[PDB]
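The working numbering applies: residue 6 is where the sequence shown begins, and numbers increase by one.
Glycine is no exception: its CB is placed at the ideal position from the N, C-alpha and C atoms.
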Amino acid sequence: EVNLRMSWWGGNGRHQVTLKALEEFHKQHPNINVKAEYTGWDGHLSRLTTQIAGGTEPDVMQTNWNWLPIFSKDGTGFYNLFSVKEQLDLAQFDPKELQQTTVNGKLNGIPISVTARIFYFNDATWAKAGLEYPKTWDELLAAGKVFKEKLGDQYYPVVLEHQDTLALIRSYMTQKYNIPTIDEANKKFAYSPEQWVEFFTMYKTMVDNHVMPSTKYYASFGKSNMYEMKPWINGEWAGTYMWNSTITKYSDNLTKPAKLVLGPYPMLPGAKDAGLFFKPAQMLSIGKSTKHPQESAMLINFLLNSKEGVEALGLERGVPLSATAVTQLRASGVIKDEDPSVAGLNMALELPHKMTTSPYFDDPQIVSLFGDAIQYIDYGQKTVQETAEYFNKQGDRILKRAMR
Ligand SMILES: O=C(O)[C@H]1O[C@H](O[C@@H]2[C@H](O)[C@@H](O)[C@@H](O)O[C@@H]2C(=O)O)[C@H](O)[C@@H](O)[C@H]1O
């Protein structure tokens, strides 16, 4: 007679399918009740951090890979799933994906899917602009002027939120210099002061060349989710550098007949590595002190492995890593090669991508610092030179506290 709580984040489409899956789970186990706790991405980590600090987190959580150092530096912040391998079929998940979710030999999460940020474009707006999708960084930067002149000041090749930008310029810097962004031995960023000048100078170039809204223009709209903004819905902001695993949260709010379409991935001649931010998209974890680890395990197995859970959940989290699950969704015709999300992943996997991203590159205080920094620049409060030093200094401090 078992009462479980489960949290997750995502759009309403993801909420809808998860809710149907939990109703089927309860149908399958009338002795097991699941209270569902769901929101969008915004504030979700923050609410979870409060819960975990008071020992009141859910039995089952959808978790983010970059949270592992936050909650489980020593692998003990989430229940070890090696202890519930009897309810939960672990062999369906590739051992090297499961290694991305293991900390000090403890299995902290089951990776649901993998993802990298790639370029998707509004095919309607790009058609009107008369432009081909950029194949090079130089083309991306040259696209802004064409949009601006051809279609109007309100038209932009892409919109980039600060976290997207952080990833994008890093990918460019990885292509050029082929070094990790974070030096983990020394608990600090690897870039020289000059490469940080180059990083923020690139931002300023793209903003001046009309590639994307400045953070000041972006702020003139409202506090909405980006995919919920008018200039996104009406095609004026004509693309996104986005996780393939959540691309329908974006393309579903376009004005028909507009679609998001996979763009090419810009690669500097002579680059040894595309500098993708490629990671597990999300995990399902069990609370450290859950009073029901076995029922929590059963629920995660249902959702990720069972015919019924897998069918219900569809692709609202990306392309399943579970071998049974992904085979199932291909056989039911739900996974189609031409779908932007599946095509996005295939293209990414073919890109040279040996460099892995440190979970510290996505530390929420580092991401928040980045947005502060480009806002310094856009609102004229710091020069590029000053912003680059500021970011390097304040960032190395955060890293030290984060990697503590
Ligand atoms: O919901 C997802 O599928 C993703 O959520 C997380 O990303 C955040 C937002 O949900 C997403 O719209 C994007 O803008 O980036 C945000 C972020 O990266 O923190 C995960 O980080 C993704 O891997 C994915 O699970």
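- Exclusion of the five residues before and after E137 leaves no residue of its chain whose Cβ lies closer than 7 Å to its Cβ.
- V372 carries a helical assignment under DSSP once its states are collapsed to helix, strand and coil.
- Counting along the chain, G244 sits inside the beta strand (DSSP E) bounded by residues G244 to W248.
- For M217, there is no enclosing beta strand (DSSP E), as DSSP gives it neither H nor E.
- When distances are taken from the beta-carbon of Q67 to the heavy atoms of ligand 1, even the shortest one reaches 6 Å or more.
- With a beta-carbon spacing of about 4 Å, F83 and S290 fall inside the 8 Å limit used to define contacts.
- In chain order, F194, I371 and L374 place their CB closer than 8 Å to the CB of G400, counting only its own chain and leaving out the 5 sequence neighbours on each side.
- Pairwise C-beta distances place the segment 202 to 220 in contact with the segment 159 to 166, as three or more of them are shorter than 8 Å.
- DSSP places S346 in the uninterrupted alpha helix (DSSP H) bounded by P345 to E355.
- Contact between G45 and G80 does not hold, since the beta-carbon distance rounds to 29 Å and is not under 8 Å.
- In this structure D383 touches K221 by the C-beta definition: roughly 5 Å separates them, less than 8 Å.
- In this model, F396 and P74 are separated by some 21 Å (Cα to Cα).
- Note: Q67 is bridge-paired with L289 in the DSSP secondary-structure output.
- Counting only runs that start and end inside the segment 114 to 155, the alpha helix (DSSP H) elements of at least 4 residues fall at 128 to 134 and 142 to 155.
- Shown here, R10 sits in a strand according to DSSP, grouped into three states.
- Residues of the same chain with a CB within less than 6 Å of the CB of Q333, apart from the 5 flanking positions on each side, are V315 in chain order.
- In this chain, the alpha helix (DSSP H) harbouring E28 covers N17 to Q33.
- Contact between the segment 233 to 251 and the segment 123 to 133 is present: three or more C-beta pairs spanning the two stretches fall below 8 Å.
- In this structure, DSSP gives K312 a helical state, which the three-state scheme calls helix.
- Counting other Cβ atoms within 10 Å of its Cβ, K101 stays below 16 and is therefore classed as exposed.
- For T392, the enclosing alpha helix (DSSP H) covers residues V389 to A407.
- Taking the Cβ of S51 as the reference point, every heavy atom of ligand 1 lies at 6 Å or farther away.
- Shown here for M207: same chain residues with a beta carbon closer than 7 Å to its own, the five before and five after excluded, namely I174 and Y177 in chain order.
- For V89, no beta strand (DSSP E) encloses it, and the DSSP letter there is neither H nor E.
- Here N191 is not near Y232, since their CB atoms are 7 Å or more apart.
- Counting along the chain, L171 sits inside the alpha helix (DSSP H) bounded by residues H167 to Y182.
- Taking every protein chain shown into account, the CB of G268 has 16 or more other CB atoms within 10 angstroms, so this residue is buried.
- Bounds of the beta strand (DSSP E) holding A41 are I37 to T44.
- For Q287, the CB falls within less than 6 Å of some heavy atom of ligand 1.
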